[PDB]
A.B. asks: 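Can you read through this structure? Questions will come right after.
These values consider heavy atoms only, across backbone and side chains, with no hydrogens, waters or symmetry-generated copies. Residue numbers start at 1 and run along the sequence shown.
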Amino acid sequence: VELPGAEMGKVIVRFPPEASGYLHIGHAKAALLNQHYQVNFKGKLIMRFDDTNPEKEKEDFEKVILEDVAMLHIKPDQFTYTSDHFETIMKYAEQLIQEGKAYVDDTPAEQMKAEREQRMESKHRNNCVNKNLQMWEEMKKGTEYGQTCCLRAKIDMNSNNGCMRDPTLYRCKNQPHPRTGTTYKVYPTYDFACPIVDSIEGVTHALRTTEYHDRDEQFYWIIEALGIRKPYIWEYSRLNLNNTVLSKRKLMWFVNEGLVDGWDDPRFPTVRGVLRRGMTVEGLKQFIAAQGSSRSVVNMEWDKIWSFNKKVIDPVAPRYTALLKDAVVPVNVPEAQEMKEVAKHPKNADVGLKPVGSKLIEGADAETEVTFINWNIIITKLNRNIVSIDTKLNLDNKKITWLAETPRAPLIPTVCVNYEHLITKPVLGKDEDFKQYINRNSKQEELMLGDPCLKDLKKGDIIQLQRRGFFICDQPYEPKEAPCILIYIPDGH
Ligand SMILES: [Hg+2]
Ligand SMILES: [Hg+2]
């Protein structure tokens, strides 16, 4: 994790998401890495909404994304909007026309694309300055002919880097902007956006994934043409997880086709779904922090992330107990007449202590005789088709959970839930599609019955059922009825 130029109190980084949907696991990495540099260098972290486009971006997701940031426990020092700088950006666009480093172009898109591939020059590239300015005021006044034009930088159509072949800087859009309204009929591209905004806002270290290394040459070009200050660009590897798709489009297919109950479904790779599934922020930051800025294309097994999480939650989760209900058998031990206040984590005493006479067990337990936990039974006989077993007792001697059917503390309606990937093929692609690797049954519910110290579970508490594994309370119990829903936390393999 070596950062060139990084001095204490002088690092300024930014997370620049566009308010067009939910944040996902990939966004969570970019954001957690930025936080890392903010925290380690006592620098500024700027959150900036990319709002250059008046269409796709909606202020409803603005709330969604801020709540997503918060639940990752990321605490930005300043919040901004690209549109805060529309006036400055346009003055730089105009500066460039004036110097002959930009030109306006009405060339139809298909033909523009074909010229770029064959490194050809546009019929407009050599417009004199006043003609460009004429076509520019056309664009600025939102006219029907200007809506067919394009503003382009004058770089190098012979470049090996497609990014240097006269990129578009400004396009014509007649939609009102949410914040600037109808003041502007023309709007900057992202490619003209980052350099100037990162420079005005003082950003020192601009993080990107390796996929966009071609843009750097173009950015430094913009930055040198204007003479503004130049941030470092710092790169890291994007997140390639098996069985996973991130595309907004492909995820909303799962939403419409009703295989997933919403954008925070625990099977979804959104920040919400991952957390609701049992991921902790500490587990995520750790796995992120083991990455640092590794820069390698690598297919990721989710279970590597869930392993870091197991190490987080295991030394702190309290151990309760649950059993089913349609495979349970009554028991009679006649030697105990009422509560033992035993611990809740066998090793760390600081987690707390929980409270636990003559009546249950389960089906699968009813066949595996002379040990109990937090407690050595020797059973009389099994009266048969098993539906009852009675026993005697004695604590002197030598691996079994049980729920006493005491009237004092009755037991809580529980549901254990389990999930697996919606996509059954790990590393899928090679012009294939996911739409036909669907784990068409991806959820199972199993009605159960749990220890009374489950009456008090809050949504988000992480416990450990004994003999089953780690769970997360999806919804609490409340006095029909409403069960305490517990979701199975993958432990990584
Ligand atoms: Hg264009
Ligand atoms: Hg490019």
A.B. asks: Is it the case that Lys230 places NZ or CZ above or below the six-membered ring of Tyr220, under 6.0 angstrom from the centre and within 45 degrees of the axis?
C.D. replies: yes
A.B. asks: Does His345 use its side chain to pair, donor to acceptor, with the backbone of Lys347 at less than 3.5 Å?
C.D. replies: yes
A.B. asks: Counting only heavy atoms not in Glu110 (residues, nucleotides, ligands), do more than 12 fall under 6.0 Å from its CD?
C.D. replies: no
A.B. asks: Is there any side-chain hydrogen bond (donor to acceptor under 3.5 Å, both in side chains) pair reaching into residues 445-457, and which pairs are they, with sequence neighbours excluded?
C.D. replies: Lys354-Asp451
A.B. asks: Distance check, rounded to the nearest 0.5 Å: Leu246 atom CG versus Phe268 atom CZ?
C.D. replies: 11.0 Å
A.B. asks: Please check if the side chain of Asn174 supplies one atom and the backbone of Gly142 the other of a donor-acceptor pair under 3.5 Å.
C.D. replies: yes
A.B. asks: Look at the side chain of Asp166 and the backbone N and O of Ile155, then say whether any donor-acceptor pair between them is shorter than 3.5 Å.
C.D. replies: yes
A.B. asks: So, does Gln218 use its side chain to make a donor-acceptor pair with the main chain of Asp214 at under 3.5 Å?
C.D. replies: no
A.B. asks: Take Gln475 and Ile487 through the test side chain to side chain contact (heavy atoms under 4.5 Å, CB included) and record every step on the way to the result.
C.D. replies: CA-CA 10 Å; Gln475 316 266 99; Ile487 293 188; over 6 Å; no
A.B. asks: If we ignore angles and hydrogens, is there a donor and acceptor under 3.5 Å between the side chains of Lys325 and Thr414?
C.D. replies: no
A.B. asks: Regarding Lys344 and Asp461, does a basic nitrogen lie under 4.0 Å from an acidic carboxylate oxygen?
C.D. replies: no
A.B. asks: For the residue pair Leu33 and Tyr236, what are the closest heavy atoms and their distance?
C.D. replies: CD1-CG, 3.6 Å
A.B. asks: Within the 3.5 Å criterion, strictly below it, is a donor on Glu201 or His85 matched to an acceptor on the partner's side chain?
C.D. replies: yes
A.B. asks: When rounded to the nearest 0.5 angstrom, what distance separates CZ in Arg440 from CD in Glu257?
C.D. replies: 8.0 Å
A.B. asks: Do any N or O atoms from the side chain of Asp491 and from the backbone of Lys310 form a donor-acceptor pair under 3.5 angstrom?
C.D. replies: no
A.B. asks: Could you give the distance from CG (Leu151) to OG1 (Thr168), rounded to the nearest 0.5 Å?
C.D. replies: 8.0 Å
A.B. asks: Verify the ring-centre separation between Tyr170 and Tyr187: is it less than 6.0 angstrom?
C.D. replies: no
A.B. asks: Which residue pairs satisfy the salt bridge (charged side-chain N to carboxylate O under 4.0 Å, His left out) criterion with at least one member in residues 283-295, sequence neighbours excluded?
C.D. replies: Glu235-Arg295
A.B. asks: Might you confirm whether atom NZ of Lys248 has over 12 heavy atoms from other residues, nucleotides or ligands at distances under 6.0 Å?
C.D. replies: yes
A.B. asks: In sequence, state the C-alpha distance, the side-chain angles, and the governing distance for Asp191 and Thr189, and then conclude on side chain to side chain donor-acceptor pair (under 3.5 Å).
C.D. replies: CA-CA 5 Å; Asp191 282 359; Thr189 64; 5.4 Å; no
A.B. asks: May I ask you to decide whether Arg48 forms a salt bridge with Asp84, counting only side-chain N to carboxylate O separations under 4.0 Å?
C.D. replies: no
A.B. asks: Measure the spacing between CE of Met448 and CD of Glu362 and express it to the nearest 0.5 Å.
C.D. replies: 7.5 Å
A.B. asks: Counting only heavy atoms not in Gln436 (residues, nucleotides, ligands), do more than 12 fall under 6.0 Å from its CD?
C.D. replies: no
A.B. asks: Mind listing the closest non-hydrogen atom pair of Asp474 and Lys459 along with its distance?
C.D. replies: O-NZ, 3.0 Å
A.B. asks: Look only at the side chain of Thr270 and the backbone of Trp263, and say whether a donor-acceptor pair between them is shorter than 3.5 Å.
C.D. replies: yes
A.B. asks: Under 3.5 Å, is there a donor-acceptor pair between the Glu217 and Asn161 side chains?
C.D. replies: yes
A.B. asks: Are side-chain heavy atoms of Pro4 and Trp234 found at a separation under 4.5 Å?
C.D. replies: yes
A.B. asks: Give me the atom names and distance for the closest heavy-atom approach of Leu454 to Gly450.
C.D. replies: CD2-CA, 4.0 Å
A.B. asks: Between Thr80 and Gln78, what is the shortest heavy-atom contact and its length?
C.D. replies: CG2-CG, 3.5 Å
A.B. asks: Inspect the surroundings of NZ in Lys42 and state if more than 12 heavy atoms from other residues, nucleotides or ligands are less than 6.0 Å away.
C.D. replies: no
A.B. asks: With a sphere of 6.0 Å drawn around NZ of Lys250, does it hold more than 12 non-hydrogen atoms of other residues, nucleotides or ligands?
C.D. replies: no
A.B. asks: Could you grab the distance from atom CD1 of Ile222 to atom CG of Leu169, nearest 0.5 Å is fine?
C.D. replies: 6.5 Å
A.B. asks: Tell me every residue that passes side-chain hydrogen bond (donor to acceptor under 3.5 Å, both in side chains) with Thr401, counting only those two or more places apart in sequence or in another chain.
C.D. replies: none
A.B. asks: Between atom CD1 of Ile463 and atom CZ of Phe471, what is the distance when rounded to the nearest 0.5 Å?
C.D. replies: 8.0 Å
A.B. asks: With a 4.5 Å limit on heavy-atom distance, are the side chains of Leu449 and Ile412 in contact?
C.D. replies: no
A.B. asks: Are there over 12 heavy-atom neighbours, none belonging to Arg179, within less than 6.0 Å of that residue's CZ?
C.D. replies: yes
A.B. asks: Keeping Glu57 on the side-chain end and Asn53 on the backbone end, is there a donor-acceptor pair under 3.5 Å?
C.D. replies: yes
A.B. asks: Does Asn418 CG have over 12 foreign heavy atoms under 6.0 Å away?
C.D. replies: yes
A.B. asks: Is there side-chain contact between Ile489 and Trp306, with heavy atoms separated by less than 4.5 Å?
C.D. replies: yes
A.B. asks: Does any non-hydrogen side-chain atom of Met47 lie less than 4.5 Å from one of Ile65?
C.D. replies: yes
A.B. asks: Taking the side chain as every heavy atom from C-beta outward, state whether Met90 and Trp136 have any atom pair closer than 4.5 Å.
C.D. replies: yes
A.B. asks: Whether the side chain of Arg116 engages the backbone of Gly162 through a donor-acceptor N/O pair (distance < 3.5 Å, no angle test) should be reported.
C.D. replies: no
A.B. asks: Please check if the side chain of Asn240 supplies one atom and the backbone of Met300 the other of a donor-acceptor pair under 3.5 Å.
C.D. replies: no
A.B. asks: With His36 as reference, evaluate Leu32, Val39, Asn40 under the side-chain contact (heavy atoms from CB on, under 4.5 Å) test and give the passing residue.
C.D. replies: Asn40
A.B. asks: Which residue in the set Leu284, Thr280, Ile462 passes side-chain contact (heavy atoms from CB on, under 4.5 Å) when paired with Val312?
C.D. replies: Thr280
A.B. asks: Quick one: does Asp264's side chain have a donor or acceptor within less than 3.5 Å of a partner on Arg272's backbone?
C.D. replies: no
A.B. asks: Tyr81 and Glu62: side chain to side chain donor-acceptor pair (under 3.5 Å), yes or no, with the steps?
C.D. replies: CA-CA 11 Å; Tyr81 294 92; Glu62 213 155 300; 2.2 Å; yes
A.B. asks: What are the two closest heavy atoms between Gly460 and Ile472, and how far apart are they?
C.D. replies: O-CD1, 4.0 Å
A.B. asks: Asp77 vs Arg14, test: salt bridge (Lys or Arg N to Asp or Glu O under 4.0 Å). Steps then yes/no.
C.D. replies: CA-CA 10 Å; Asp77 300 283; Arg14 84 304 195 263; over 6 Å; no
A.B. asks: I'd like to know whether the aromatic ring centres of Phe434 and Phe254 sit less than 6.0 Å apart in this structure.
C.D. replies: yes
A.B. asks: Locate the shortest heavy-atom distance separating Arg229 from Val203; write the atom from each residue and the value.
C.D. replies: NH2-O, 2.7 Å
A.B. asks: Less than 6.0 angstrom from the centroid, inside 45 degrees of the normal: does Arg277 satisfy that with respect to the ring of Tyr419?
C.D. replies: no
A.B. asks: Under 6.0 Å from the CD atom of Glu144, do we count more than 12 heavy atoms belonging to anything else shown?
C.D. replies: no
A.B. asks: Strictly below 4.0 Å, N to O, side chains only: are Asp265 and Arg267 in salt-bridge contact?
C.D. replies: yes
A.B. asks: Does any non-hydrogen side-chain atom of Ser20 lie less than 4.5 Å from one of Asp50?
C.D. replies: no
A.B. asks: Are any non-hydrogen side-chain atoms of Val69 and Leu23 less than 4.5 angstrom apart?
C.D. replies: yes
